[PDB]
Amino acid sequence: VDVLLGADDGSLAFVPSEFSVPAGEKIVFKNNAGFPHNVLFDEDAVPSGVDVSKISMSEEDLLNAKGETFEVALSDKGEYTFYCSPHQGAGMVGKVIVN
């Protein structure tokens, strides 16, 4: 599943912001507009057993160009919150449900 970083109108959103996926399906975060963006998972809002460092960019690493991707595959079922580090305080957060 593809998830855009930034809407075509400049909004600071993941697109889609919430979606469900089967366990192990690859999620392709694709840089879109309104840079910079990145993707990290919230250690406080993932299923128990999940290590967010394995599925997160380094906070220092930013995507500044259209078409750069960050790809992950989540194997543990449950709810995960992801966020954009620069844009977390502007509400660029999302939730994926792995089922």
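So that there is no doubt, residue numbering starts at 1 and follows the sequence shown.
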What stretch has the higher average Cα B-factor here, 71-79 or 11-19? 71-79
Mean B factor on CA atoms, stretches 84-92 and 21-29, record says higher is 21-29
Going by the entry, which third of its chain does the Cα temperature factor of residue 46 land in? middle
Mind checking which third residue 98 falls in for C-alpha B-factor across the chain? middle
Third of chain Cα B-factors occupied by residue 37: lowest
For residue 52, the third of its chain by CA B-factor is the lowest
